[PDB]
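To start, the structure itself, in structure tokens.
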Amino acid sequence: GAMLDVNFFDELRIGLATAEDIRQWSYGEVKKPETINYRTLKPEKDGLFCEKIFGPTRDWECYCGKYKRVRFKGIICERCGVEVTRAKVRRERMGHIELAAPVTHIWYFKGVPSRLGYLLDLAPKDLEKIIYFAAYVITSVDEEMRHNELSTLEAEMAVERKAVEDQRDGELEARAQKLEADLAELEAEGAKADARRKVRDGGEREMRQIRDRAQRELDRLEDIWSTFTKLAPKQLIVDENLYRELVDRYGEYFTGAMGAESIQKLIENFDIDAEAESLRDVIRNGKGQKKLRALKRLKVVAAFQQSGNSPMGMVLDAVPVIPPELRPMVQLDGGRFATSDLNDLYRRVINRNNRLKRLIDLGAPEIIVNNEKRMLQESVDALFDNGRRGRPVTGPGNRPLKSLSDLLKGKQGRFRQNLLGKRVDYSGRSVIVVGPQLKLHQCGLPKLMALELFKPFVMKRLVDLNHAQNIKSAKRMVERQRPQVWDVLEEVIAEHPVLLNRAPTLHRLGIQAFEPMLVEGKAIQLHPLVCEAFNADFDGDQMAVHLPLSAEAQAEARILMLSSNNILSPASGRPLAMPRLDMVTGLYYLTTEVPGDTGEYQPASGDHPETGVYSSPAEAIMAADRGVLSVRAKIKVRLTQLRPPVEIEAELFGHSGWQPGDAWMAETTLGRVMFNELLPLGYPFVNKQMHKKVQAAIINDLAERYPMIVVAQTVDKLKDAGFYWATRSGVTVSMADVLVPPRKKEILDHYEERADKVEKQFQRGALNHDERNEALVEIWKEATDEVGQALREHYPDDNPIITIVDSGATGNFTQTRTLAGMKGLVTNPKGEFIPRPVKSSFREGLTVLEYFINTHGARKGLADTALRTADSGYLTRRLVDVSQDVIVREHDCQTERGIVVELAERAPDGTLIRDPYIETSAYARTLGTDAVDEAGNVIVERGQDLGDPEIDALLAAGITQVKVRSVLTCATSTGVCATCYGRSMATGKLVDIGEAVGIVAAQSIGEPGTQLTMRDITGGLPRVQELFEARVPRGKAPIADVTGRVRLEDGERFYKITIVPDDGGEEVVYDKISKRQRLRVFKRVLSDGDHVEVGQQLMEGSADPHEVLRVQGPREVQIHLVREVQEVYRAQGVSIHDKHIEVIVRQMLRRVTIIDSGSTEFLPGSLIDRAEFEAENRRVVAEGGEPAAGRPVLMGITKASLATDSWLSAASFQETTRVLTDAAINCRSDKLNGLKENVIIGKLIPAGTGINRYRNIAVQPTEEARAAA
DNA sequence: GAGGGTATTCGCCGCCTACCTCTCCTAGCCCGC
DNA sequence: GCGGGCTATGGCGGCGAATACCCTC
RNA sequence: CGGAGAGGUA
Ligand SMILES: [Mg+2]
Ligand SMILES: [Zn+2]
Ligand SMILES: [Zn+2]
């Protein structure tokens, strides 16, 4: 269509190649197994590197040397025949090898299921035999002629049997004569009875051999007759001698072959329409396993029938050769060439082909020719796919060779190593250190990495400033680092953003744009507030740097990816540039009020006026800096620049506001005034100790009420204040600080008494081993709890350890107990607790045995961590693949469908208790209906963001359930609409019209995978994997299918649960329920003669998703899946808004399984898209309707991803060979429309700034401004 | 012995990302100089 | 006689398809 | 700079 390519691509088609196509591609033939000569270091002729086939090896030159200049352009050499052109042509031209005998393609023969077996209706073993010269196949038979001659041939063979039996009977008459002769021979004298019986033994044993000769020789003819008369095509006869007898006796009436040519002949004499009709008949009728087999047979046959693609492409007559420059051969140090894997396989094929050609041409016995044809078949099979059948062809050192198939498959294959990832210029890498003087939009770049990243700009500016007359001098001056290159560089790098990236890039914020400022050293200086977003630390971490060049890239960096614009987590909406650790400690210390502090406010004592009332924060600062006042002391100041609180302002100023400049009296500490002076001017006074939660709330309110620049400035000021006041807080560690509980020994002795009593009871046989272990474990768990409580009580409130823990800076009190009080129980390598337990804290010093038994759990955790980091990436990749085509396309579909959120179910006694999990179920949603309470007016109008004010008003009105718009019910044909999706968590406003929400959902779900521990019912990452894969859970618990009472029965290893419906139509029953599983408690535990709902889960465990869909429909399975995934993630304290899971689930319920084909062409049991199914049914019903029938189906993410309409997106995900071989048979065309496909073909992705409405915007100066010029 | 219904076993597919340093790629034997 | 080139029984889970064992006609 | 193996950092 477009030869090389050149853009304006419209479709990419794939299909089988016939011998004609393969011979048209080739520019020549390879018929000599010679690669390159050593003396002249030139390719040979008619080899794998010939310059007369693949192209010249030197630009505008000939192997002849006749023409070696551009003037001789386009002329084919008259001496050597090599065309004169550029050397790059060797990357394009291909050659072919003309096989002496037909060869089958291994993909369509060995790949399970065998696509030749279904096509020809032959078992895989029959193909294995016929193709590898071990059996004979009847390619043809003559029926009418042989039927006519059957009557005569019957009599002919009857006469021939007459000859056999009559010769036998005459020879037996001779045997009888010899028998009488022997009788007389031993009767002429006195012989022995054993002698007579011996002559009879010999003679009559050879007469029994006469009878057995009749038997065997005539059964030979009977077998010949039976085989010949009933023989039909596609019959395999072993014992070549039998076939030789058949052909010799009946040369005509049939034709038998052996090898790939036999299969080629069979395919040639094979009509497709008749077979398709026969299979359709067997499908419409018959039933049974025959119908199931006919379904697959018809799949393949209709695939080969619908298109103009003959099935004769499976048998090869020519073999294409890849261009040489894509399979080059290099030389090790010294000049010794090491062969590539492809070259060796090509050489083997060529050798075998030539030797077989010689053997056939010179004439030879059939055995030798057949053996050589088999050895050529094997070599050609190994070329395409080495190791599929038989032992892999191994090279030096016993390692299998890399075939042509290996180039396309695996993590090191073409796709996932070269098309989905690249090596890019204008990038570097170095270690990262903390720069506390930077700003959120700034980074520090060494003054030796910038000089290399920004080289061309520096050269341009040097030439412009007349520092270098030309480009070469500027280049060399840059390479020599003259003192002025730095002066020009500082100007060059100004206002040019830089992209920094840390691996692994779990989520979106792993790449952010900053502004470069040159620093001293060789490390990168990273602002402390982006570490959580990058998940970076300063113990040896490294990062990469990228530089966008073009104007669009710079605009994207400056607006989309700038760090100061990305403060909130896209997954949940919580801030990520919040202070942490040292900043939290400093602010927490600053905004504290310690009673009885220096300079504290004192009421009037009756002799002197009040002490501690100041007339301005300036005077308070003066007093503090004079040592008379403490920053953490309660004072009464007179504030005129801080806006008063809500209550104080309401009761003091009222009116409209405080109108900056007014004065009011505050009773607070100096530190809190200092802190509130950091917040925006209009923010009401905050008078509280700044726990991490309080700071988080302040930052979130700022984000949701103010512009983002205000938030950035506020966080920077808080950073400065915290880093200043952490140094003065006085937090250090010494063994004097690590206090020990005062009465640890008493508690340990008290519980050791109980342990001893349990041990003595065990000794007296009162309990077994497990009971003793359980009792000891409970005793020691209680002991550890008491020790921890005592330790918590003992510590003062200003201890550095307790201050750091309770400040929210980092850590938890379990570590404090381990350090000071006691470590307690430790786990065996199995996972069970050691009943000892460990009894010394790390302050005292564990003994040798305690340390050794601690090492077990110490190592098991690291091993599990490695396993989990391995497990999570696969799930993330699968999620990204399944839902990569979900993009916001419309502003509003104006539908009315919606879902209902629990939204604070009412209390029994009467009260509105808020549902704990409401932030991830109601916020950032738009109402699909109006909210009316107690016949009142609408509280919230349809189409409202439903934020904090809205939810608070709804709760105040007294309504528990509301209907909201969701992606599960969007009515857009392709993609979701903005209103159904709702608010964008990162931006805080309605999502844009080019938002790729599928990838955001995938990264949000997969990023907190390592945190989610991998801990017989699955309860972690395996549980998530089986939920998203829609597999049978494990502890599958039956679910009712019709409401009714149950006659519960009790038995060992089985429980009979019968569904007695209220209607009484029929009773379902399950008797295989093992006694190990419990009975679920619904409404009291499940009991005999108890009515149950339709979807109630009788037993305990996990329900299978495929049955709830059958019983309760799609909505119920959707809510079930969302609830299960949310439960799994909440168990580990991770918050993910339900819209991401809703996107993922929506991508899993998108098809319908077909039942009745009707006038429609859908085959029974196939998975068909719902939109296409409905469209086809509606089209058909117009004209004498015979609509097809379908049912909802649930698919896993892997199947849903491999059932794509693009054969290029599925081949880059998994199972490249199977996808390619099926697509080639179905002759699928790829309409390139998607993120992955456009990335692969190097075209703008259809999302974000690549949509038509954005990429095709027009700009011009205004008329007024144009005139003002 | 073929049919239809169960079990049973074997083969294939999958198993995170980025970066740094260091050592080695046949053996036999037959022909040629 | 030595060098160079040519040839010749420590993964594991899921899943499906190719095939053991038993009642029926 | 193509392959195989060994060790290591986040
Ligand atoms: Mg680190
Ligand atoms: Zn020439
Ligand atoms: Zn919609």
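Numbers -1 to 1013, 1023 to 1090, 1097 to 1282, taken from PDB author numbering, label the letters of the first sequence in order.
C-beta atoms are modelled at their ideal positions from N, C-alpha and C, and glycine is treated no differently.
At a Cβ-Cβ threshold of 8 Å, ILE1003 and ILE1149 count as neighbours. When the Cα atoms are used, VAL367 and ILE358 turn out to be separated by approximately 7 Å. Annotation for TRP1220: the continuous alpha helix (DSSP H) segment containing it runs 1220 to 1224. Where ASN1251 is concerned, the enclosing alpha helix (DSSP H) starts and stops at 1248 to 1253. In this structure, the alpha-carbon of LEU449 lies about 41 Å from that of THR83.
A Cβ closer than 6 Å to some heavy atom of ligand 2 marks a residue here, and those residues are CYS60, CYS62, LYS64, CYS75, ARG77, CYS78, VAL80. Non-local C-beta neighbours of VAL1147 in its own chain, meaning closer than 8 Å and more than five positions away in sequence, comprise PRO1006, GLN1009, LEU1010, ordered along the chain. Contact between the segment 745 to 759 and the segment 443 to 463 is not established, with fewer than three Cβ pairs separated by less than 8 Å.
By the CB criterion at 8 Å, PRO615 and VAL635 fall inside the cutoff. A buried status is given to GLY53, since no fewer than 16 other beta-carbon atoms sit within 10 Å of its beta-carbon.
With respect to the 8 Å criterion, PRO1127 and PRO1205 are classified as neighbours on the basis of their beta carbons. With 16 or more other CB atoms across the displayed protein chains lying within 10 angstroms of its CB, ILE1210 is buried.
DSSP places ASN771 in the helix class (H, G or I) of the three-state scheme.
Ranked by how close their Cα comes to the Cα of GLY1261, the residues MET559, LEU901, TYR599, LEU700 have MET559 in first place. Summarising the contact set, residues whose Cβ lies nearer than 6 Å to any heavy atom of ligand 1 are, in chain order, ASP535, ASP537, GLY538, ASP539.
Shortest gap from the CB of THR853 to any heavy atom of ligand 3: 7 Å or more.
In terms of Cα proximity to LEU1034, the closest of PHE1089, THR972, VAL1141, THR985 is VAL1141. For the options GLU550, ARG173, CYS529, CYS75, the alpha carbon positioned closest to that of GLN540 is the one of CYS529.
Counting along the chain, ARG887 sits inside the beta strand (DSSP E) bounded by residues 886 to 888.
The bridge partners DSSP lists for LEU330 are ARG334. Within the segment 1156 to 1212, the complete alpha helix (DSSP H) runs of at least 4 residues fall at 1183 to 1195. Residue environment: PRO568 is assigned as buried (16 or more neighbouring CB atoms within 10 Å of its CB, all protein chains considered). Residue burial is scored here from C-beta neighbours: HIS145 has fewer than 16 other C-beta atoms within 10 angstroms and is therefore classed as exposed. In this structure, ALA922 has its CB at a distance of at least 7 Å from all heavy atoms of ligand 3. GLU1074 and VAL1088 have their alpha carbons spaced roughly 22 Å apart. Under the three-state reduction of DSSP, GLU76 is assigned to coil, being neither helix nor strand. Distances from the CB of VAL989 to the heavy atoms of ligand 3 are all 7 Å or more. Taking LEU865 as reference, the option from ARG726, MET1012, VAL785 with the minimal CA-CA separation is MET1012.
Judged by DSSP in its simplified three-state form, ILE235 adopts strand. In the structure shown, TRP656 falls within a coil segment according to DSSP collapsed to helix, strand and coil. For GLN523, the closest alpha carbon among the candidates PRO434, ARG556, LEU507, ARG578 is that of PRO434. Taking non-hydrogen atoms of ligand 3 into account, the C-beta of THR927 is found less than 7 Å away from none of them. Runs of the beta strand (DSSP E) lying entirely within the segment 726 to 792, each at least 3 residues long, are absent. With 5 Å as the limit, the residues whose C-beta approaches a heavy atom of ligand 3 more closely than that are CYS891, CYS968, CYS975, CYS978, in chain order. When C-beta atoms of the segment 55 to 68 are compared with those of the segment 376 to 392, fewer than three pairs fall below 8 Å, so the two segments do not count as touching. The DSSP assignment places 448 to 451, 453 to 462 as complete runs of the alpha helix (DSSP H) inside the segment 409 to 464, in order along the chain (cut-off: 4 residues).
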